[PDB]
Structure formats: structure tokens, C-alpha cells
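The structure appears below as C-alpha cells.
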Amino acid sequence: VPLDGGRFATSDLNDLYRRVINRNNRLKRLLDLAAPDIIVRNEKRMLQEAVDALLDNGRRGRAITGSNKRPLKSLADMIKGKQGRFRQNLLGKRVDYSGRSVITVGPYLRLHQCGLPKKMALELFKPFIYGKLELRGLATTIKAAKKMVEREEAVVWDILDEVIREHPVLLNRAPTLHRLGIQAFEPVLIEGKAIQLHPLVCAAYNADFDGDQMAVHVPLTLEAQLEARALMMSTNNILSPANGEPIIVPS
Amino acid sequence: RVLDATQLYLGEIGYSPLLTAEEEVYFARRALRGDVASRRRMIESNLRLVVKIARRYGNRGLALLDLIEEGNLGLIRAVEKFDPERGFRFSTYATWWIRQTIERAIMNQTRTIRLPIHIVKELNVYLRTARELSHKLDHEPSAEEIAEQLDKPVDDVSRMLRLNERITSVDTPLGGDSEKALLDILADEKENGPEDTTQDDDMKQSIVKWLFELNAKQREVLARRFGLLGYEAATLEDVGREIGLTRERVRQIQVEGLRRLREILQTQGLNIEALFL
Amino acid sequence: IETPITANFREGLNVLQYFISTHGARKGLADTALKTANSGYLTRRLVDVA
Amino acid sequence: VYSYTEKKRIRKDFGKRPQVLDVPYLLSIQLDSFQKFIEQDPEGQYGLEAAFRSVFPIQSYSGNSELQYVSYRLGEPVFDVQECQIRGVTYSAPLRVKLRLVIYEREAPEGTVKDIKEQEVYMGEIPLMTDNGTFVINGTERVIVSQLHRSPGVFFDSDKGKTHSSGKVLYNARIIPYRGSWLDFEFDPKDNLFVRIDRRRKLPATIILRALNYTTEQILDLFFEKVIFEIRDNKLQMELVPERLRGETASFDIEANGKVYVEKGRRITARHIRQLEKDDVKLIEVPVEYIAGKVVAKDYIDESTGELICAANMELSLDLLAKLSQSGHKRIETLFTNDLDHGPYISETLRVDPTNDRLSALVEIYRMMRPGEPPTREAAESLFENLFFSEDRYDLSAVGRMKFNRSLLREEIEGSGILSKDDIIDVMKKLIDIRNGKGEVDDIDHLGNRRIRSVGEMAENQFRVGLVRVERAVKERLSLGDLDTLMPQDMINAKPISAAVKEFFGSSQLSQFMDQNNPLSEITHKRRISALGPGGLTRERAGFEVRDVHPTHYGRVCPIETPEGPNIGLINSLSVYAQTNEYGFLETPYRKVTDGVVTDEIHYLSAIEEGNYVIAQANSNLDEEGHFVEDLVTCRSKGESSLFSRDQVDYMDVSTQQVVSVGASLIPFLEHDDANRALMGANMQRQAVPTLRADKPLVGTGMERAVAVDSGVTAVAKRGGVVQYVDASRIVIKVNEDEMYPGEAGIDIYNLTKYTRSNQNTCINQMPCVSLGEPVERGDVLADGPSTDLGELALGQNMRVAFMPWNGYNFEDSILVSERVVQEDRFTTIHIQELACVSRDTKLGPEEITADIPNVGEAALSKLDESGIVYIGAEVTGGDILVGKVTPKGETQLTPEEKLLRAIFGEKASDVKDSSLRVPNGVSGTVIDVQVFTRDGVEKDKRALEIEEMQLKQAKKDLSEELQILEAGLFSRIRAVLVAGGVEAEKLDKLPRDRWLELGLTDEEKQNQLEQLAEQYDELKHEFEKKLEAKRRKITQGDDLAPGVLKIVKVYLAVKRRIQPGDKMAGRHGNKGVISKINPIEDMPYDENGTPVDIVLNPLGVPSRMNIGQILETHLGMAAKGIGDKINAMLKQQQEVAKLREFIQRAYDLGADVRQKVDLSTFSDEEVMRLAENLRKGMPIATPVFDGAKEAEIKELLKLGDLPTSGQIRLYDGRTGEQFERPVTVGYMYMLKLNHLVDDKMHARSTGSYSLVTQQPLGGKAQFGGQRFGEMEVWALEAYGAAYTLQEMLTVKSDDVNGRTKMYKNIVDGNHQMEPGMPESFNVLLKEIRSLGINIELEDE
DNA sequence: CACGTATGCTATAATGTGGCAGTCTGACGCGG
DNA sequence: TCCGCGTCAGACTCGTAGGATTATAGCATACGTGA
Ligand SMILES: Nc1nc2c(ncn2[C@@H]2O[C@H](COP(=O)(O)OP(=O)(O)OP(=O)(O)O)[C@@H](O)[C@H]2O)c(=O)[nH]1
Ligand SMILES: [Mg+2]
């Protein structure tokens, strides 16, 4: 692909495939030319070296260094490592309708609630706004609804308030050691950029407000909303899964 | 424990015969007439020559072995077009061929994108000029400074230095250690975001509803022209192929369809709202 | 260490008491950075098995 | 005796220990080191001189041609730091080197009388270090961090068990050169000595001695002692050495003369030994059976046959003894090997050694490094000599040879860089001594073995690499070419050297963006030591032992300043007084104690020197101008601490502060803080963003002023004198005649840097400290930098703080702040962002920067001017266009919708796109500045041209004012010289100054002075002309940009950020917090006096944290402000200068045993009221580190303020008006707003762009990224029920392409149904496994 | 034909290669 | 069976910043597709 700078950027698999093709075609040539066998042998060694580098570089001894000096990333390297494709792109992923910010106390909150910044929530529930806007006939179409949100018009806040009502949001803190590292809350729209967390659940998250941050995630489907409200809600996860002793307790 | 492809091959080469002058002449006459053994022996005996130039041709593009193999291709052509009738020695003639084939391979296989030797040769002169300029101008060559020295076009010099830019690895990370790779920063552009794709689904859907809102003869020549409903995007004069068969009446009716549709966008709440877009 | 720190934080530790404290402190902090990963590797082996 | 800037505001000192040595320049390391690299020394191989003489002269392979080095020179820098920073170029000097191509005849033997060609060739630009200690690389200020590595020399180490559950301690020697292969010796469980060359495969240690040409008998004569056996008549005899037996058990009855000394089977004690020695025992009769096992030393052969009866190093028997006797040998040299002390190690190693002679040994060594390749004798000799005995490939360095020689107990320090045969044997000897039990193992963590490489050494090494790459090219071209046409510059290439150095100063790990949040951040960054990067440890490699603070770190490295992270213990801040010895070891100052009396004689001791002496502690009480008060002084030696008598004491700690680094020295009551919290405190001070009003710290230490001055961010007066002209831009000082040189005009101009961008986008602003017409001395602060008060370092703002709960608004470290803080714009912070717009040339054609942009509102284009550039001063918000840019589009094919749409508005707008630079979404600011970089050939923008008009006229004005103020200042001197011996006061002023070339006086010294001033005037006249032509050329000059790029427009935005909930604040005792709420003034707890508290911090975040420093700071802070409130009250009521003087003298001279005396009196009345006006906003106090203020001193100070001794007050709740039920601690804590603003961290995403291969959303807020849903987070949903939430997160939220769009459409349609698919990551996985040649199919239902 | 891209040919003799890895570490197998 | 190189492992999100280098001769004859 072309970078903006006019330059190109490519996978190392291209360099490994080009190795293999050059040496393979040179082998075809030296066979057509009836070359003496010492030279044929050298080319057959080099061909096996190139294929073995292409499949799994570094297993067959010294890995082929590209441009920096770093060994070229081969096929097997894209599957194998923790960074491969299993651990990185398949047993966990980056996710839509996800946000984060610094957390801060919400002592006024009830146990099942959390302060969610206005501008953050505006963005996370964009399709839900578009949808209600068109059912009220306030927006003629989607692009007009988008421009009404961009302008952040006063009527849009009232609609956003209506969507967030009774809609649970997942809060997550790293590290997620046990299941209570994710909990669902009913959000409360707040002016300001910080997430407000209920004190009593700070124990489960191991949350202390000296700058910790949290991930927000929006359960989209009716099923996901119900699983959040019934199974993952703060109120419903009072006792720990490990011992019977509860974790929800003020200090 | 000799496992290395290189040390094995260099062991095999050392294990050859070294040729003399009269021996080169005897073998060369037999070789050009078409001897099997003469060709093999001349090649195998002169492999050492390939290596000595191949060793002084590394760290540029390919590896030592890669250069050694392409250099060997030069040796073969050298044995084929060697003239034993000329009193002058083989080693001198072969050196040309080995250097030629190595250089040519280094100009092709190295550059990821196949580049022509014509542009490469021009580039060489631009770079050599830059070297001489750098020694006298303590700074480095400008494109314009180089262009003035060769009496050539600034544009042509810039085009050339634009093909010199090396390609960067996407698999290689940037964030200090291994935090993120260039792949994960760089998004798929030809692919639209779901917000953009959904916006087009709404326009296309609106058009179907907009087609059943105007006149039956006003959306039969407005859409069959743009290729909205039709199969082919026709022009004012080409709408005559269907049933319209007019030039004046088609142009009046196209714009009549658009004027009534402009009022449909002013009333729904777009017009100047959707003008910025 | 054979000589204990008789002085406390209220009274103020001497240059030597503070320097001696450092060892334990930093080993604690390095422990949190480095040892967290064997604990976590055990979580992950357990999870995969069950 | 106080300086002018101290007369304005004096800090009260609670220190009691008189400082014999002042804090040195804190940025000494960076400057000294790099200065050595560029420094031209004829002899002293340092940096470049060394580099050239090392490589050069390079002679050709043929030997006819050679290139030799003469000398080098740095051209002056093409661009100043200023122009480099703006343009984005490296600040460097061109390196021009004189080189002589000399050629020899092949026909004559070594006739040098053929061709000598000498010329000055360019080899790269070298980046230059700034006066501050930084490099500007591609327009960015960077610091190269000093490195900490294993010193070359020898090290004797030992696996303490590890290998072999046998649990055997295997001793090893490692010889580490500065350059070359490593030489290892090691023991095996079976006590066989082995050599690893370059840590390759194992070889028997004796093999290396055979390679050095040692016969078997010579080897044994080296390691083993000889014992002589005489065979007399029939009985066996042996020559006894009285001691040898010693602690052995007697195996035979030992009879001497005729009389029995030992009983057989009893242990020989000291009495037997002295009896035998005094009797002079030399022969003892022994049984023949005792020799079975003894090792013969030499080869013994039959003189009759001439054949070998027994070879050297062979185990003797009864029959070999018999054969030896009858051959005619009645003397047998045998080895001494008695287990325990004298082990037979080398004896057993020779039996393991398969090699025989020298050649066989050299072959085996050759076969190890190059296995397979056949030996030749020439090849094996060459390889072995080129390993450790070649001057070019092996170099211990001065430090290596020195540490090597001291480790082997030599007398001579200096010597050869190459290993001698003697060296290797001595090392083996010491190894074996250590195995025996006499001699000890060296420490790797010991600072005596860890050496510091600052910049100059590292720049030197990269420069040598460049030269080595060049040497191959050069030698290659010298041999091939004809010698006579060919000059030296056609052979040299500059690009290799330039590339080596460029890669160091730009790509290197140790070269990193200067941490410029604040002065302390900068100063501490430049004095960093890293064990990481090239030639060092890695995070993988780094254990637990290296990371921990050793006892040698005392006075050299800070024990309490290290990143809390993966880098914990590898990165270290330098101590205060610490410095590098000549060889690069760290050293610390100590006061010599002579005959018990403690002199002011000060000695810097290295890590190794320190171990040897007993050093008293700094807190040790000295008696009034002589010896120690106390009999048993508390000291430290041999790395451990206890009581000593006075006569034993050798030395003493110079300051109480020398243990600590700079950052930690700024923490007041460090003594009362846990070391962990203190670490994070020193770490967060570096994160402190300077506020709009730089407020001094009320509770300081005294390092405040040192740091502010040495950081360089303050303008300091070199010359002093009286200030001629102040301005919010410049300070001109007229110098005093005593420092003012009579050559040039004596007027100093300091130009101040106004509101400029930092690397962290903070604001750098210099304001003038002094007023118009103020007298100043050398080293007075003339202008304050960003986070500095009158000369002192001011990282944040002190505040009235009360420790008490609020309604959970301070739950877990959460902070409750008064609205008054926001109103007073305290912790309001200034941020300057740099945005660039690049006009490139594409295959379709050049991009245009016109205001003429397709599909754009008049609202947007209003703010752009003719060229398409936003106006200076214009406020902008996300989506507003800053620089309009359009890109040529090739294919114009449209979807039918777009054909219709473009037909409706008729806004065809040709075929141009919109790629305009617009304000990033949610950032909003004012445009402060615009810069345009254009190429040479292309027609300039209208806006670019008006910018050049401004720069030209402004340049003209700048230079004109230079020549004007310089001419006025110069004639003002001529006027004074002419009066000297020629009274013409009023008569000289009336005729024009321009017609003063005629004016002279009689030929004396004064006429020569007039000539100096006249030649300078005209020199300045032409100088002004050539300066102006240079400026004009640079302004017209079209800058050479990246290929493809026609022009670049840089916009600078300014932003005022207010303090707000989510923002991170901390103190200096590692006490952090996030602001939870801003309380109305009415609501905040208030005093009996009615004054509301600024910040309400939670009491529960103190006793657990064990940082009690913050509480002492608060009590003293209130006492400081108590006295400020008294002075404020006396200044409001005018009152008497006498009365103010009384109160203030009693105040400064309070402390029980205050070191600092302040005999107020000498202060003039005007000095006193300027001083009181500064002391009014709270008397600033200094608590040194470990010599701080005592509780009793703080309570005494509180009584002087009429504040309570408890420092707790009655508080009233702002809401209810009722009193709080118990007293609350209130006072002033100096607080810091860290760089972590909520403004920068909040991020949210519904849908966005998606990754190239994996199709998952991108990461990071800059890429508008989705949060990563990790394995850990997935497992949580697995533990719950939540299967749909999980599938969502896997599929329509990430890869599933069809699914995500379909579900988006459903959510706008309000269906809230998933319709899942197949994740694209999995499709890729399949393709990647099939690319391996494994068939992986989906099997259908 | 022509521009871009490629293959071609040259003659003093010359004829066996060579830049790093810095020893992480406990763990668990697979040849001699 | 045992000493030993070999091979496989080493918490979770956030950030920052962009990125490099070298040189391959002069010339003519040649093969390939669009006008
Ligand atoms: N997950 C994670 N947590 C960290 C890391 N570094 C520090 N922490 C957490 O930061 C917190 C800092 O101290 P606190 O949580 O306030 O400690 P505490 O258990 O409340 O005890 P006190 O300080 O006495 O109140 C701890 O919970 C740590 O677990 C890290 O690298 N990863
Ligand atoms: Mg806590």
C-alpha cells in the first residue's frame, strides 16, 4: 500500500516469496543450460533455504535479516506467537461502541448507576440516536441526523437522554482478573469528561481514583442488554465467585 | 560439523583444478567445438574467480551466495563467447561478464518494485554528481543544484530521486519496542466506514421512494439517463433510444423532474442543509 | 542488619536508616512489575485447562 | 553578605550543618563529555583525534598506495539553533579533514618519492550539543543519556551451585576488553580447567598455553611447586620444607637425624613444624610406597639408550622408580599437589588435553571458531594472533589495562591494550588461587566494576564505525585504480560516516525527546544513567541483583529515583555531588580527617578507593573548629556501618545531601517519608506542568535556586552592571567598568524567548525579573524561565489545605478543590500545538493550497485569507479549515446518485478533491503563528510573500537597533575617554556624533583607545551590511524539502486549559489524586476568620501511605504563611521600618541551632520594604534533606505567627454554619498539576475506520480506536452467562464485515438484532495455514 | 516509427569465505 | 541411562513520536505494443 508520503509499505512475506521465485527460476535456467552439478547443488540448497525461510524463518538456523537487521516475519510467525493471530486477533479483539476515560467518585450514585460523560455517550449511542430521530420525523435522513449531532442541537440532547434510559453499559478495568472486573450499570448522563464510579464496587475493580481509567462498552442487542441487566448488573453481583464473603462494602 | 550451505560450496570449489594459459587454450578450442568435459572443467576451475569478485560485491542487495550464483551465470556466458584465437587471457574477459551479470541481477532483484536499468543508470549519474557537490558544498545536494550541474530538467531530476525512495516494512513495529505495528496504525482506505456505507444505503433507499413521488413520465427519463433504475447511464441525446426519441423534450423533462425534486428537499429539510455536503 | 532503626518517621530516619530502607522498598516495587507475570501466566494455564 | 536578587527575598534556613562545598554545575556531565569528543587535542586521544589515528593511516593491499590523516576542522554551523528548530533540520557542523594520498614505487624498495596529494575532504556533518546540553535533530530537541556498562578488565565469578545438584561452586575468570573477543576460563565439576574463546565451545585450558608455545614441563613449572627426591644407597630420601606438611596427617613415621618427630597417623601441629625448621631439616628418609602417586616434573630418559623412561607430568610407580634408579638418576623432581591448598588442576587438565604440540593446539583452536574449514599453519597462527594479540582487533583501553593490572596486584597501571602471554597465565593463576581458598571473587554489581560512558565516548565509537566502513572502500579503490590521476576525494564517501552518526543521534535508544514539562524534568533527564541500549543489559537480561541499590551507590547514585516499571533499577538518576573520574568511574567528595581534626581538604573517592577508608557520617557532630565532639563516631567502612574511635576516622561525608539525587533533594521532609512514596514524589515533580502564574514554594529546601539557575532556562547575568533597558522581549544591561573589557562595546543584550512550544506542547515563556535601572552582579537572575520565581524553582502552587473528609468527595485520594482556585487561574495551564499542512506532488499532479475549495461554507472560508491560510489571532474549533488544500483527482466516474447530485447544484467544481488541514475534533484554540516553507522553483503564495515581507522588515529593524545601541554605547565611551585629557563637555555634544572621525587628542594611551573605538565602529558598520545580506538570503532562500513535497504550512495553535474534574494533581511526597468536584466558595470549610480552605484532602491517605512529610510541610506551610499574614498586616498599616525590621530579624534568627545568620541591620530601608513586600505572601522557608526543621522549631515558628502549636484549627462547615466536632489540620501544601489532563485522555467511538488485514477496528485515540477486548475481558463474559455480549464483541463489533454494517442498519431501524457471521481474522488464519501447505477445511453439516 | 524496457559486449593478469551473538532462565525432552 | 545442546515459555488496557541506508559504467542493439 502507498503511504501518504508517496512511499510504499509492504509485508515481509513479499520479500520471502521473491527470494523463493528468483532462486526457483534460476534453478529452471541452470537446468535448461545443463550446468555442472556443483552449481546445480548450490542452487537446490539455496532454494530449500528460501522455502524454509518463507514457511518458518529462524527454525532452520540463522533467520534471514531484512532491512533493519530484524529477521523477516514468516508465515508461521503470523500464526504462532502470542502476537500471532490466535491470541491477538481471535481470542480477544478491539471493539466498536467502546470508549474510555479517567474515573472519579460518584458518592451520590445508587449502586446500579454510573456517571457517563455527555460527549462520550453522544458518540457511543450514535446509531440509536439516528434511529429515534427518524421515528420522530425530526431527521429526514441519516446524513441530516449526523449533521444535527455534529451541531450538537438542543433537541438531540433530549433524544439522547431518552435512548440511554434503562440501557445498561459495561464498565471494565484492567486488569480483569475475575468476572467482577466487568460490571453493568445504568448510566447517568453527566456534564464533564470523567466517568463517575460508585464507591462500593471500587473493591471488585480494585479501583482507586488516583488516575485509573475505565473502558465503556455498549451492549447493542436486546439479548445483550438483558444479559447485562440480569447477569452482569452491579446489584446482582454482590457476593464474590471465589468465597461466599461479599466484596461490595463502603470504607 | 560443516552444515552451512556457503562453507560446503566453497569446500567443493577449492577441491577443483586450477588452470594455466596453454591448458585454457587446449580446453577452450575443444569447448567452442562443443566438448562436454572441457566446458565443465573451464567453469569449475574458474569458480574461484567468481567468488573473489562475489566477495567484493556483498552488502548492497542480495547475500554472498545469491551474488555467487548470478556471477556463475556470467562465467557460463564467458566460456561460450571466449575467443582462444586472441592471444589475450581468459581471466581478463571473464571478469567483465561476471561483474556484468552480478550488477544486472543486483539492479533487479534488490528493488522490490521492478525498475528499468535506463532510469537506474540516470540515477547513478545523479548520485555521483551529488557526491562531487557534497565534497565542495559542505551541505548536501539540492535537486536544483544537481540539475544545474548536468544541464537537465529540475522535474526530471525530482522524478528520478522520487524512485530512489526505499520501501518501509509494515510488519515492523514503531512504538519503541513491540507495542503496535505499522499495519495496525494504517486503515483500509478503499473500504468505507459503516457510517459512510449506511449513508449511501439511505440515499439509494430514498431515491426508490423519491421515484414514486414525482410524475410517471418525469422519473422514466430522469433515472433512465443517470442509470439510477436503468442498466446503462445514458446522456440527454441517448435517452431517445428508449421511447423518448427527442432532444428538446428530453432536456425540458429531465430539468422539470429536478426542479420539483429540489422543492421536495427544501420542504423535507435539506436543500441548503445538505448543500455543505 | 545487626543495627536496627530505633528512630521512626515522626522523629526522622538518618541518612543511613533511609539508605538501608531503600533496598526493601525497591525490591517491593520491582516485585510488583516482574512477579505479576508469573501469577498471570498461572491464571492463563488454569483457564485453558478448565 | 547576600546577593542583589537574594536581598529581594531571603529564604529562612533550618539547616545546621555548614556547607563546606556548594552544589556544582548540575549539567557538567553532558558538556564535559561532548566537549572532549570535539576538543582538538594533539596528543590526548579523545574523540576524533583518537578515531583518525586509530584507523589511519590506511595502506593499500598492494602496498603501493596509502592514505594518511593530517588534521580536521569543524565548519561553523550553517543554521543557528533557532532556524534549525523552525525548519526541521539537524544543528551540525561540517567536518572537513585534511588527508594526504602518498604513493610508493613497486620498482624501488619503499621509495615515497612519487606522488603526495593533499586535500581537505568533507566527511559528514556532526550534530553539535547546545550550551544547555541538548542536540537539535530534525528540528526536535533531544538528549543523549549517559550509559552504565561493565568496565573492561578481569572479573572472577562463580556459579553458586546452579549447575549440578552436586551443588559444586564452579569458579570462572572472564577477561573483558573494550574491543575484541572475550576470553573465558572456567572450572568443571571434575576440577578440569577449560577455556571458552568468545564463549564458544569448551576447550581444555592447557591448549591455549600450547598455542603460546609452552612445553608440558614448562606449564607444570609455572603452576606447580617442585619437590626433590634423592635416592641414597638403598633407602629413599626427599628434600623437606618444614611447613609444606602443615595441617597434614603423617602417613609414615617421620625420622630426622636418628630421632622420631612425627608419630605415624597423627596430625602435625605448629610445634612439630617449628622444631623441624629450627633443627634445619633438609633430608628425610621415606618409604618407597609414598611415591606411588607423586607426579614427575621433567622428562627423565635413559642416558644409555636415549629413550624416554617417563614423560613429564606422569604418575610415578614403584617400578618406574626402580627403572629410574638403575638408569643412573638419583634425583627426581616431583610436583607438589596436596588437595586443599595446592590442587592438581592443570595436571589433570593436561591429561584431558588431546593436543600435543603448539601447532596441534593452534589447529584445534582454529577448528573451534571455524569448524569444518581445513587448517593451514599460516591460517591458525594468523587467527590466534588476530584474536587477542592484534593492536587493531583487541584493545583493553586504559581503563581495561588499569583494572586488569590492579586485579592481578601489579604495580604498573598503564600498559599494552593487547594481552601478553604473562597476562593470561597470571589470570589462570589467580583463578586457581581462588579455587584453592586464598583470594576472593569480584562483584559485578559493585560500582567499582560499573563504568559511565557519557556522550563523547559513544559519538566517538559510531564515528570509528563510519571510518571502518570507509577504510574498506578506500583500501579497495587504492589497489584497483591508477594511482596518479586518482585523487583522494574520489575514493572517500561521506555518506557512510554521516549515516553512522545520523543513526546514533536519531535512531539510537539513548537519544530521546527531551522531557521538557518543567526545568527539573530537563535537568534530571540530562543527568540520567541507563544500563540499557547497545552494549548494555536488556529488560530480558536484567535480573533482581542489578536492580537493587548496592552499598557503593552511596554518594554516587540515588537510591530513591528509578522508574517504577520494567526499567526499575536499570535507569538511575546521578547523585548531587557525584562526578565521573578520569577513567569514567563515579566518585564522591569527602572531607579529609587529619589527626582527628576535620579539614576542609576535599577528596573525590572512587568506588574502590572508598572501601579502604573509614568515612564518618555527615550528621556526626564536629566540635567548633577542630575534632569530633563525641568519642565514638558513627562511620562506615568495608561497606558496613558502626561506631569507631576518633583516631580510626579517616574521612567524612561532605554534605547530608550527597546520598540523594537532584529530584529527591527538592522534597522537604524527605526524612519523614517512606522511600517508596518519596520515589513517586520525585518522579511526579517531573510531570508538573508550569502554571500561568509561577508561584514559589513556601516550604522549600534550598536546591530550588541551584536547579533554576543551572537548568539554563533562566537568563543569568554574565557581566552584571546596571540595567539600561527592560522590555517584555529583551533586557539590555550596561556593564560595570571593572568586568567590562576595553576592546568591544560594553553593553550586554539578552533576548528573551517569548511564548514558545515545548516538546510536550507545554508553554516556554521568559519574563524579565529586574526593573529598569537595577544594579546587578555576575550570576544574578535577569529573567525567569517557565517554572521559576525570582531565581527559585517553582513547579506548582501552594494552597490552603485541610485534612478531613467531605461527603465522599475525597474518597480514595479524590480531591475536593475550591472554585476560588479556578477563579484565581491558579493551575490554569498554557499549551501550544504545532499542525502542519503538506502540499505534495502526485502522479495526477501537484496539490493546490488555494482558498478555492469545492463544497465549503462561506463561514469556513471567512477565516482563510487570499492564499488559503487562517489569519493570525483567529479563534478556531474542531472542523474549521486552517490551511485549504485540494488534490487533483484522476478518474471522475460517479455513482448515478452523484451524477444526479452534481447535476442539481451544478457545483461540478472541475475534478479537485478536498484534503484541507482542519482543526482536530474537540481541540479548540487561537492561531498564534504561521510558518511557510516553500521550494525554490515554484511560484510563492500571496500569503507566503507577505510573511517574508514581515520577516525582512523585522530583520532590518533588529539589525538596525543592534548597530544603533552599539554605536551609541561605543561613542558614550569615546566621550568619556576624550574628557580624560581634554575637557570639551558641552562643546562635543553640540556638533553631530556622525562627524567624530576627525576628533582626536595628543598621542598617548588615550589616543590608542580612540583608535580601538573607531576601528570597532567601522567594523560594526560593514558587519551590519553582511549580516543583513545573510538574513535576506535565508528569507528568500527556497528550502529543500522531502522529495514530492512542494511546500509546507505550519500552524501554531494556543490553548488555555482550566483545572477541572478528572485532572490529576499531586504533592511532592508522592501523594496523588484526581479532582472529583469543584465546590462553590460558600460550601467550603472556613476559619474563625471566615477564610475558606482551597483544597480538602482525605486524612486516610496518609497513615497507610507513611508519607508524613506532607503533614510537616502543611504545619510549616501554615507557620510560613502565619508570618506572611503578620507582615501583610504591618505593610497594610504602613507602620515603622524600625518595627518591621525588629519582627523580621527575630523571625529569621529563630531556630534552636540555625546555621544561617541574618544580621538584618545592613539592609537599607528601601531594600527592607522590597523584601517585606515579597515576604507578605508568605515567608519562604528552606528545610534541607536530612538536615531539616525539627517539630519544636515549627511549633516555635507557629507561636511567632500566633497560630496554634498543634497546627489544627477550628473549622466551620460552609453549608450548615455549624462547627466541625474536632480540630482540623490546616496549612499550606505546595501542590502540582501533572501533565495527565482528563482533556487529553477521554475518548469514545461508535464506528470508525478498520484495520487492513485483520479488519478489526484500530487502536489508540489518535487513530480513533476501539478499546481492546482482551482474553482477560472475554473470560469475564464466559464466567457470567453472557454469550450474546461475547459474540457481539467477537463478530459485529470487530471483524465480521457484513455483520457490523447489517447490525448498524438494524440499530438505526431499531431492530436490535445481531445476525452474526464469520470473523475475517479467522478467514485469514485459514489462508495463512493453507499458505503453509496444510489443508484445513470446514466440514459441513 | 518510437518510447520504455532489455539484453549485450568489452581481452595485462587476477583463481578457498570471515562481521556479530553477549553467557536470561527454569523447564522438558531427544541422541550418544 | 545420563550429560547436554535444543526448544519452549515469561498479567491487561492506556500513552509519545516518527523512521534510515548504499550504489551498482557508457552505449547500441533489441524486443514489445499502439498509431
Ligand atoms: N494492575 C496494576 N495495578 C497496579 C500497578 N502498579 C500499581 N498498581 C495498583 O495501584 C494501587 C496503588 O496502591 P493502592 O491500591 O492505593 O494500595 P492499597 O491496597 O489501597 O493500600 P493503601 O495504599 O495503604 O491504601 C494498588 O492497588 C496496585 O494494585 C500495575 O502495574 N498494574
Ligand atoms: Mg487505596
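Chains as they are written, first to last, in the deposited numbering: chain A, 253 to 503; chain B, 53 to 329; chain C, 755 to 804; chain D, 2 to 1342.
Idealized CB from N, CA, C, for every residue including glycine.
- Message: For ligand 2, I want to know if residue 504 (chain A) counts as a neighbour, meaning its beta carbon is within less than 6 Å of at least one of the ligand's heavy atoms.
- Response: Nothing in the structure corresponds to residue 504 (chain A), since chain A is present only between 253 and 503.
- Item | Residue burial classification, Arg53 (chain B) (beta-carbon count within 10 angstroms, cutoff 16) | exposed
- Task: Measure the CB-CB distance between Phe385 (chain D) and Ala212 (chain D) and report whether it falls below 7 Å.
- Result: yes
- Message: Output needed in chain order: residues of the segment 560-582 of chain D with a Cβ under 7 Å from some Cβ in chain C.
- Response: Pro560, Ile561, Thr563, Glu565, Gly566, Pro567, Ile569 and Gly570
- Message: Here's a check: name, in chain order, each residue in its chain whose Cβ is nearer than 7 Å to the Cβ of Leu1132 (chain D), leaving out the five neighbours to either side.
- Response: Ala1173, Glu1174 and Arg1177
- Item | Nearest candidate by alpha-carbon position, reference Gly664 (chain D), set D:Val196, D:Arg528, D:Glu908 and D:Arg233 | D:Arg528
- Item | Touch test, the segment 273-292 of chain D against the segment 230-239 of chain D, Cβ-Cβ under 8 Å, three pairs minimum | yes
- Query: In chain order, what residues of the same chain lie with their CB nearer than 8 Å to the CB of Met741 (chain D), ignoring the 5 residues before and after it?
  - Reply: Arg720, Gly722 and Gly747
- So is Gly63 (chain B) in contact with chain A if we call contact Cβ pairs under 7 Å? no
- Please determine if the segment 367-384 of chain D and the segment 223-230 of chain D are in contact, where contact requires at least 3 C-beta pairs separated by less than 8 Å. no
- What runs of the alpha helix (DSSP H), each 4 residues or longer, lie entirely inside the segment 271-342 of chain D? 271-280 and 319-328
- Message: Whole angstroms are fine: how far does the CA of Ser840 (chain D) sit from the CA of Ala328 (chain A)?
- Response: 41 Å
- Item | chain A within 7 Å of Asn176 (chain B), Cβ atoms only | no
- Message: Would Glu672 (chain D) pass as an interface residue toward chain C - the criterion being a Cβ-Cβ separation below 7 Å?
- Response: yes
- Task: Verify the CB distance criterion: does residue 818 (chain C) have a CB-CB separation below 7 Å to chain D?
- Result: No information on residue 818 (chain C) is available, as it lies outside the stretch 755 to 804 that chain C covers here.
- Message: Just to make sure I have the definition right: I need the residues of chain D whose C-beta is within less than 8 Å of the C-beta of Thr757 (chain C). Which are they?
- Response: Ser642 and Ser643
- Task: Using only the heavy atoms of ligand 2, determine whether one of them is closer than 6 Å to the beta carbon of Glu813 (chain D).
- Result: yes
- Query: When burial is assigned at 16 or more other CB atoms within 10 Å of the CB, is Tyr178 (chain B) buried or exposed?
  - Reply: buried
- Task: Starting from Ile291 (chain A), find everything on chain B with Cβ-Cβ shorter than 7 Å and list it in chain order.
- Result: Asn124
- Query: Closer than 7 Å, CB to CB, is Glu1329 (chain D) near chain A or not?
  - Reply: yes
- Message: Starting from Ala1120 (chain D), trace the alpha helix (DSSP H) in both directions and tell me its first and last residue.
- Response: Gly1110 to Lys1133
- Would you check whether ligand 3 has a heavy atom nearer than 6 Å to the C-beta of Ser642 (chain D)? No copy of ligand 3 appears in this structure; the ligands present are ligand 1 and ligand 2.
- Compare the C-beta of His170 (chain B) against all C-beta atoms of chain D and say whether one is closer than 7 Å. no
- Message: So for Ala619 (chain D), helix, strand or coil by DSSP?
- Response: coil
- Item | Classification of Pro451 (chain A) by the beta-carbon crowding that lies within 10 angstroms, buried from 16 upward | buried
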